[PDB]
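Student: Can you keep this structure in mind? I'll have questions shortly.
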Amino acid sequence: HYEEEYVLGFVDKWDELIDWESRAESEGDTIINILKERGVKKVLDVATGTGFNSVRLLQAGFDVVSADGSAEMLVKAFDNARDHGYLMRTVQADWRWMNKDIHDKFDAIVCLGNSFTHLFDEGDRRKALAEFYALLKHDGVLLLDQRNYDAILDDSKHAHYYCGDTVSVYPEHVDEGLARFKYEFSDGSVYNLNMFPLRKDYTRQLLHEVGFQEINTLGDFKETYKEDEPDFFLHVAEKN
Ligand SMILES: C[S@@+](CC[C@H](N)C(=O)[O-])C[C@H]1O[C@@H](n2cnc3c(N)ncnc32)[C@H](O)[C@@H]1O
């Protein structure tokens, strides 16, 4: 399908122009510190994409399993990990039936980079979250992030820049059921992507409803030109 090829061209452009060193600088050590404070050892990355989170976790000394629905993403991830000197452990798996080919439990799951937003159906969202919940040990934790869509839905119509001015993200269309963003890179490349605009409190409610006992949502200012509102939220959901 063209949609797969389209997104694959997008992540290629992302990796081409945005240095992982730069990105690791920008992103804090916050997520690594959060996991370390919990004595986390086994981590499942369910949204590996081209591997940045996974490689960051492997470099930090965690045991990581790197899952993704896309076999093509996983190939890019494995080779990126290899280039940074790490053996990735890859598994192709759909969020809606994660325990199909993953037969262990984890101290933590990470679903980062605004990934969960790609589900357009509520039944799918519940399913994905229940699967994640079952893959966690009793005292395990889910780290799940998302863009701040609340800021857009209530006001906000301007570009957001990342890694300096290397890429800008502009909301072309946003209603309660659909956000379409234009991504423009420094070399002229333009990509347009659809996602579901999760309200902060709606994600929190979903996590609560599938069984998560305690949820802390952090504001995360990732963009180059900071505003009063964070452009991202990070949900820290404890199974207990
Ligand atoms: C936005 S990328 C995130 C990449 C990485 N976490 C990062 O921050 O660089 C989201 C990934 O989620 C995967 N994905 C989307 N829906 C999925 C699903 N239902 N099951 C498994 N993977 C899915 C896609 O293949 C894609 O690689």
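Identifiers for the structure tokens are assigned positionally: chains receive A, B, ... in sequence, residues are indexed from 1 per chain, and ligands are indexed from 1 in the order shown.
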Which chains and residue numbers are within 10 Å of ligand 1, counting only C-alpha atoms and all ligand atoms, if I want them as a PyMOL selection string?
Tutor: chain A and resi 4+7-8+11+14-15+20+23+45-54+66-74+76-77+92-98+110-119+124-125+127-128+144-146+195
Student: Take the selection from the previous step and output its residues with C-alpha atoms, as a short mmCIF file (atom, residue, chain, number, x, y, z; two decimals), in the first residue's frame.
Tutor:
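That gives us out_14.cif:
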data_model
loop_
_atom_site.label_atom_id
_atom_site.label_comp_id
_atom_site.auth_asym_id
_atom_site.auth_seq_id
_atom_site.Cartn_x
_atom_site.Cartn_y
_atom_site.Cartn_z
CA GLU A 4 2.88 2.29 4.17
CA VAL A 7 5.04 6.83 6.02
CA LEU A 8 8.28 4.91 5.32
CA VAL A 11 10.68 8.34 8.70
CA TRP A 14 13.22 12.25 9.60
CA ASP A 15 16.32 10.07 10.24
CA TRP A 20 19.99 11.03 17.12
CA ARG A 23 17.52 14.40 19.65
CA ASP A 45 9.14 -0.81 23.45
CA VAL A 46 5.84 -1.22 21.59
CA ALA A 47 6.36 1.66 19.17
CA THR A 48 9.95 1.14 18.06
CA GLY A 49 9.69 2.93 14.69
CA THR A 50 13.28 3.44 13.59
CA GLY A 51 14.60 2.62 17.04
CA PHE A 52 15.55 5.85 18.81
CA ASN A 53 13.78 5.06 22.13
CA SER A 54 15.00 1.46 22.06
CA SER A 66 11.62 -3.79 20.48
CA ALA A 67 8.22 -4.39 18.99
CA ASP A 68 6.41 -2.71 16.12
CA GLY A 69 3.54 -3.59 13.81
CA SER A 70 5.73 -2.80 10.81
CA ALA A 71 8.37 -5.27 9.63
CA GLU A 72 9.96 -2.53 7.52
CA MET A 73 10.29 -0.20 10.55
CA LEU A 74 11.91 -3.00 12.53
CA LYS A 76 15.42 0.13 9.98
CA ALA A 77 15.51 -0.08 13.79
CA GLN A 92 6.63 -7.81 14.81
CA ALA A 93 3.37 -7.44 16.76
CA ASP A 94 0.10 -5.59 16.53
CA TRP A 95 -0.88 -3.64 19.67
CA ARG A 96 -4.33 -5.27 19.56
CA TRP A 97 -2.88 -8.76 20.04
CA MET A 98 0.53 -8.09 21.57
CA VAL A 110 7.19 2.60 26.48
CA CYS A 111 4.85 3.96 23.85
CA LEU A 112 6.62 7.19 22.90
CA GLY A 113 6.89 9.63 20.01
CA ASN A 114 3.14 10.32 19.75
CA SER A 115 2.29 6.80 18.63
CA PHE A 116 -0.92 5.87 20.42
CA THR A 117 -2.58 8.74 18.50
CA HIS A 118 -2.58 6.61 15.34
CA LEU A 119 -5.59 4.56 16.50
CA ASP A 124 -8.92 -0.52 19.34
CA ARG A 125 -7.64 1.97 21.95
CA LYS A 127 -7.73 -3.27 23.28
CA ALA A 128 -4.23 -1.86 22.86
CA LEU A 144 2.73 6.72 26.99
CA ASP A 145 3.05 10.11 25.36
CA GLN A 146 0.97 12.24 22.99
CA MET A 195 -3.82 11.14 13.59
#
Student: As a ChimeraX atom specification, please: every residue in chain A that DSSP puts in strand (DSSP E or B).
Tutor: /A:42-45,63-68,90-92,106-111,136-147,160-162,167-175,178-185,190-195,214-220,232-238
Student: Could you please take those selected residues and save C-alpha atoms as a PDB file, in the first residue's frame?
Tutor:
ATOM      1  CA  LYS A  42      13.053  -5.439  31.474  1.00  0.00           C
ATOM      2  CA  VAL A  43      11.524  -2.936  29.066  1.00  0.00           C
ATOM      3  CA  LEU A  44       9.148  -3.491  26.168  1.00  0.00           C
ATOM      4  CA  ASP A  45       9.140  -0.808  23.452  1.00  0.00           C
ATOM      5  CA  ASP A  63      17.075  -5.058  28.719  1.00  0.00           C
ATOM      6  CA  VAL A  64      14.891  -4.062  25.814  1.00  0.00           C
ATOM      7  CA  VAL A  65      12.444  -5.875  23.569  1.00  0.00           C
ATOM      8  CA  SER A  66      11.625  -3.794  20.482  1.00  0.00           C
ATOM      9  CA  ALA A  67       8.217  -4.389  18.990  1.00  0.00           C
ATOM     10  CA  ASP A  68       6.409  -2.711  16.115  1.00  0.00           C
ATOM     11  CA  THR A  90      12.899  -7.231  17.320  1.00  0.00           C
ATOM     12  CA  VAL A  91       9.359  -8.617  17.286  1.00  0.00           C
ATOM     13  CA  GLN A  92       6.628  -7.808  14.813  1.00  0.00           C
ATOM     14  CA  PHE A 106       7.966  -6.525  31.677  1.00  0.00           C
ATOM     15  CA  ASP A 107       8.898  -3.940  34.315  1.00  0.00           C
ATOM     16  CA  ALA A 108       7.956  -1.178  31.880  1.00  0.00           C
ATOM     17  CA  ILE A 109       6.371  -0.466  28.537  1.00  0.00           C
ATOM     18  CA  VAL A 110       7.193   2.604  26.480  1.00  0.00           C
ATOM     19  CA  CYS A 111       4.853   3.956  23.849  1.00  0.00           C
ATOM     20  CA  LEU A 136       3.264  -5.608  32.666  1.00  0.00           C
ATOM     21  CA  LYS A 137       4.402  -7.270  35.861  1.00  0.00           C
ATOM     22  CA  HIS A 138       2.220  -6.576  38.910  1.00  0.00           C
ATOM     23  CA  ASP A 139       4.345  -3.557  39.825  1.00  0.00           C
ATOM     24  CA  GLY A 140       5.000  -2.522  36.232  1.00  0.00           C
ATOM     25  CA  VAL A 141       4.571   0.850  34.547  1.00  0.00           C
ATOM     26  CA  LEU A 142       3.330   2.213  31.213  1.00  0.00           C
ATOM     27  CA  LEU A 143       4.956   5.313  29.723  1.00  0.00           C
ATOM     28  CA  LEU A 144       2.733   6.722  26.989  1.00  0.00           C
ATOM     29  CA  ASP A 145       3.050  10.113  25.363  1.00  0.00           C
ATOM     30  CA  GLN A 146       0.974  12.239  22.986  1.00  0.00           C
ATOM     31  CA  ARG A 147       0.838  15.715  21.539  1.00  0.00           C
ATOM     32  CA  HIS A 160       5.901  24.052  15.792  1.00  0.00           C
ATOM     33  CA  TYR A 161       9.617  23.511  15.159  1.00  0.00           C
ATOM     34  CA  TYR A 162      11.854  20.618  16.268  1.00  0.00           C
ATOM     35  CA  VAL A 167      11.320  20.331  10.781  1.00  0.00           C
ATOM     36  CA  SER A 168       8.115  22.281  11.318  1.00  0.00           C
ATOM     37  CA  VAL A 169       4.773  20.726  12.269  1.00  0.00           C
ATOM     38  CA  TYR A 170       1.659  22.695  11.345  1.00  0.00           C
ATOM     39  CA  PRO A 171      -1.977  21.781  12.107  1.00  0.00           C
ATOM     40  CA  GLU A 172      -3.743  21.894   8.716  1.00  0.00           C
ATOM     41  CA  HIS A 173      -7.013  20.535  10.026  1.00  0.00           C
ATOM     42  CA  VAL A 174      -8.137  19.694  13.523  1.00  0.00           C
ATOM     43  CA  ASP A 175     -11.558  18.638  14.724  1.00  0.00           C
ATOM     44  CA  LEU A 178      -9.096  14.109  13.218  1.00  0.00           C
ATOM     45  CA  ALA A 179      -5.901  16.129  13.248  1.00  0.00           C
ATOM     46  CA  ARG A 180      -3.993  16.499  10.021  1.00  0.00           C
ATOM     47  CA  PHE A 181      -0.475  17.892  10.327  1.00  0.00           C
ATOM     48  CA  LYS A 182       1.858  19.201   7.656  1.00  0.00           C
ATOM     49  CA  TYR A 183       5.486  18.286   8.294  1.00  0.00           C
ATOM     50  CA  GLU A 184       7.976  20.444   6.443  1.00  0.00           C
ATOM     51  CA  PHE A 185      11.689  19.709   6.547  1.00  0.00           C
ATOM     52  CA  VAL A 190       6.686  18.065   2.853  1.00  0.00           C
ATOM     53  CA  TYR A 191       4.644  15.206   4.358  1.00  0.00           C
ATOM     54  CA  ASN A 192       1.045  15.245   5.600  1.00  0.00           C
ATOM     55  CA  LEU A 193      -0.163  12.808   8.253  1.00  0.00           C
ATOM     56  CA  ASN A 194      -3.438  11.989   9.946  1.00  0.00           C
ATOM     57  CA  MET A 195      -3.823  11.144  13.587  1.00  0.00           C
ATOM     58  CA  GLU A 214      -2.397   5.528  39.332  1.00  0.00           C
ATOM     59  CA  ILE A 215      -1.709   7.973  36.526  1.00  0.00           C
ATOM     60  CA  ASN A 216       0.619  10.950  36.538  1.00  0.00           C
ATOM     61  CA  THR A 217       0.592  13.155  33.450  1.00  0.00           C
ATOM     62  CA  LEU A 218       3.622  15.358  32.831  1.00  0.00           C
ATOM     63  CA  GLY A 219       3.838  18.403  30.561  1.00  0.00           C
ATOM     64  CA  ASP A 220       6.727  18.114  28.137  1.00  0.00           C
ATOM     65  CA  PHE A 232       3.498  17.090  24.575  1.00  0.00           C
ATOM     66  CA  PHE A 233       2.140  15.157  27.519  1.00  0.00           C
ATOM     67  CA  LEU A 234       3.720  12.074  29.038  1.00  0.00           C
ATOM     68  CA  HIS A 235       1.449   9.655  30.885  1.00  0.00           C
ATOM     69  CA  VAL A 236       3.103   7.650  33.645  1.00  0.00           C
ATOM     70  CA  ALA A 237       0.575   4.939  34.437  1.00  0.00           C
ATOM     71  CA  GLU A 238       1.293   2.503  37.258  1.00  0.00           C
TER      72      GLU A 238
END
Student: Which distance in Å separates atom CA of residue A:150 and atom CA of residue A:197, to one decimal?
Tutor: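 Separating atom CA of residue A:150 from atom CA of residue A:197 is a distance of 8.1 Å.
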Student: Report as an MDAnalysis selection string: the residues of stretch 2-240 of chain A with a DSSP assignment of alpha helix (DSSP H), based on the backbone of this structure.
Tutor: chainID A and resid 2:17 20:26 30:37 52:60 71:83 122:135 149:154 200:209
Student: Provide the atom CA of residue A:229 to atom CA of residue A:203 distance in Å, to one decimal place.
Tutor: 17.7 Å
Student: Which residues come within 9 Å of residue A:86, counting only C-alpha atoms, excluding same-chain residues fewer than 3 positions away, as a compact mmCIF listing (two decimals) with N, CA and C atoms, in the first residue's frame?
Tutor:
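To be explicit, this is the file written out as part-v8.txt:
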# COMPACT_ATOMS: atom_id res chain seq x y z
N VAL A 55 17.14 2.28 21.29
CA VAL A 55 18.59 2.41 21.36
C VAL A 55 18.98 3.23 22.57
N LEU A 58 18.71 0.83 25.43
CA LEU A 58 19.81 -0.13 25.39
C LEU A 58 21.12 0.53 25.83
N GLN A 59 21.39 1.73 25.34
CA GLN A 59 22.58 2.48 25.78
C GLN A 59 22.57 2.77 27.29
N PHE A 78 16.67 -2.21 13.60
CA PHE A 78 17.74 -3.16 13.86
C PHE A 78 19.06 -2.64 13.31
N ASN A 80 19.80 0.53 12.58
CA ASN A 80 20.22 1.70 13.33
C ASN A 80 20.88 1.30 14.66
N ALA A 81 20.34 0.27 15.31
CA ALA A 81 20.89 -0.17 16.59
C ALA A 81 22.28 -0.74 16.36
N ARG A 82 22.39 -1.53 15.30
CA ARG A 82 23.64 -2.13 14.89
C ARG A 82 24.71 -1.06 14.69
N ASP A 83 24.36 0.00 13.97
CA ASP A 83 25.26 1.14 13.75
C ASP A 83 25.72 1.83 15.05
Student: As an exercise, work out the distance from atom CA of residue A:2 to atom CA of residue A:120 in Å and give it to one decimal place.
Tutor: 18.9 Å
Student: Residues near residue A:129, anyone? I mean within 8 Å using only C-alpha atoms, not counting same-chain ones fewer than 6 positions away, as a list in words.
Tutor: residues 206, 207 and 210 of chain A
